[PDB]
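First, one chain by itself: the form deposited in one PDB entry, in structure tokens.
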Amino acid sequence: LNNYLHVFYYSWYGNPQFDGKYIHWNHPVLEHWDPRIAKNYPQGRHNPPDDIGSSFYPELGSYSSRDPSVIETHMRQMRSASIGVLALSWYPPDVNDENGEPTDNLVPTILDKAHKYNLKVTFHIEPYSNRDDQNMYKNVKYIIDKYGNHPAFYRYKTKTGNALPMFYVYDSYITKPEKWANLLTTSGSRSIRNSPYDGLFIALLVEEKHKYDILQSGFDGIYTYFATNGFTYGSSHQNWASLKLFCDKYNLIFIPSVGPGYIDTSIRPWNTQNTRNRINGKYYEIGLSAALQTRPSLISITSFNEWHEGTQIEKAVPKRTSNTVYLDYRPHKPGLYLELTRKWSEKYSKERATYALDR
């Protein structure tokens, strides 16, 4: 199991039988800012199980994230990909993404099932409304108190024998560096540094200039998230050498995010510019190759199951309806991306075993 390979995991899917209603599979078509443009594209909620908010179709169907057999299947697939860690998309209790329901209540179950398969769970902190240094303090404290003692709780284990929680902070750049500094510099007014609630906070870098904001904020690392090559400075693998150099100079953990492709036009039908064909696995292999070449401390995978954005490595199957041919992994198997991940994970694990100064 590669504990240096993390995958972004989503637990926001629901269906009538486990949740009382569809959740996320019935995603609305997101309106283009200009309504003159939006009126020429599809509108309304998708109607599962045959019409879902994805360009692909899952082997598990329009599944529920709180179905314990669904959680087991996922853990199996990640383990067989030899991914050691899932970075769980997280909103505070009673809070949710704008298209979903609360998910914190499911964390205990996900941890238990992760333990069953010797996987670890870290936290991908989403941009909840009014998120700032003060409530981040409370949420970090909450996460660590509530889940820190579970044996599947992820800690980056340094060779010195210390073990640090990790937090990926999505759209971290929305909050000012001076506000982050309160929480993440040693002498910040509400510093968690050197406290029992200390950890490794990874910031999202979009634009090159965010490098400098990230330093000022006191983050421990950077990740790039987006699966589309060319969409941002960070998501363009041609810039990963430079980010790596920068991170080395400033003692930051560089965590490139690699995806198998991208397509979100079932919910953002205006966003065809960012669509990337999977090329039967070659897009993913180029991404993985590009990441390995930088010799990174960790690699993140976008994503296990972000089905809306077509970045999932979860098993997908052919499906055709009266008006739709879903994308799929033909001519390969539903497990193609799991198998390609296992291949490159083993490469990474071997090569990473020769990075160390002590050899």
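The first residue of the sequence shown is number 1, and the count goes up from there. So that the term is clear: the rigid core is the largest set of C-alpha atoms that superpose within 1.5 Å between two forms.
Beyond what is shown, the protein has a form deposited in another entry; the following relates to that form.
Per-residue Cα shift between this form and the one not shown after core alignment stays below 2 Å for all of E178, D94, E207, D145 except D94. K159 is among the residues whose C-alpha shifts by 2 Å or more between this form and the one not shown once the rigid core is aligned. Contraction of the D94-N135 CA spacing by 3 Å or more is recorded in the other form, set against this form. Three angstroms is the minimum change: in the other form, the CA atoms of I214 and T158 sit closer than in this structure, by 3 Å or more.
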